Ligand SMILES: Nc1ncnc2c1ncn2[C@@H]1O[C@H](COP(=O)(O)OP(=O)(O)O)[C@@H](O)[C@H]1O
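So this first bit is one chain, no partners, the form solved without adenosine-5'-diphosphate (ADP), shown in structure tokens.
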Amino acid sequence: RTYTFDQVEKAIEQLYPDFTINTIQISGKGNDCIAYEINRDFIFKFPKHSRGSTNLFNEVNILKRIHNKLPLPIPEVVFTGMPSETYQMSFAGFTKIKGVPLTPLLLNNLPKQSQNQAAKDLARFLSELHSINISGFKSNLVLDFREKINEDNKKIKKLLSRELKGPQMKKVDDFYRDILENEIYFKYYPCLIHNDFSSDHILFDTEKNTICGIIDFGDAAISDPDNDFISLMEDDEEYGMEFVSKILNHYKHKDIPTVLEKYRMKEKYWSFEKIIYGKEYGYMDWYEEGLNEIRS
């Protein structure tokens, strides 16, 4: 699915006739949504497909709830679409947040003082977010990790039966068995997490040299809080392990060794996710890649 500018303008003007669009342009494009910037004050997201539509819904449902409870700015919901055909939510419109993504490059050009400060600021955020009371959220927001794995294991065998020989397939089973036999990946206290906590979603003020917002809650869910630290650890694309080590100290984490153990798993696991996401997105280059990494 893709949208023209006209199409988009119709969608909004329709449910919101007493709201005129002056400037519209594309702020960016994701795997689930295209993001349009309207009047320079708003980000409107349009889903590119049914699953994206569902994430959008959650992002909306979630931001409403945690609106005005966190240390840093997050987006505010202002405009909502309608369910329709296969899409649960047509589109949505959030307030724009001034800022630049705090890319790892940027991060290391800041003086050590502003670096140590951002560490402390993120820790505070993650800390608050993970404290929010989960008793009100409906069950479907609880991501059960053990189910996800089992579900994945099955999708894989379908998709790989006609790609792999007995002795190759037995290595995947071995791998999944080892994950599922390990209690550490599952025995956590669930809480609300961002679940895509990367640099691309951390906004930064070039004047003040301080973090000035957080932004994509499309994947947010009730899950293992360690996931919000792991997403920052990959060395090439995200911040260091060394930087994330500081966040953890201000967050006063009790089991850092466990978190690293989870990272190593997720990193290996990502191979399999490329295959799954690759087939349904479908990026065939994701699918070819994962198939080669697996063979190890």
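Sequential numbering from 1, following the sequence displayed.
A second form of this protein, the form solved in complex with adenosine-5'-diphosphate (ADP), is not displayed here; the remarks below concern that form.
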So, residue 191 and adenosine-5'-diphosphate (ADP): in the deposited bound form, are they within 4.5 Å at any heavy atom pair?
no
Is the gap between residue 240 and adenosine-5'-diphosphate (ADP) in the deposited bound form 4.5 Å or less for some heavy atom pair?
no
Although the partner isn't part of this model, could you tell me whether residue 141 comes within 4.5 Å of adenosine-5'-diphosphate (ADP) in the deposited bound form, counting any heavy atom of the residue?
no
Although adenosine-5'-diphosphate (ADP) is absent from this view, report whether residue 216 comes within 4.5 Å of it in the deposited bound form, heavy atoms only.
yes
Using heavy atoms and a 4.5 Å cut-off, decide whether 104, 119 and 248 all contact adenosine-5'-diphosphate (ADP) in the deposited bound form.
no
Contact residue in the deposited bound form, from 258, 39, 61, 31 (heavy atom within 4.5 Å of adenosine-5'-diphosphate (ADP)):
31
Consider the chain as shown here, without its partner, and state which of 134, 184, 169, 97 has a heavy atom within 4.5 Å of adenosine-5'-diphosphate (ADP) in the deposited bound form.
97
Sort through 174-182, 106-114, 200-208, 152-160 and report the only stretch with a non-hydrogen atom within 4.5 Å of adenosine-5'-diphosphate (ADP) in the deposited bound form.
200-208
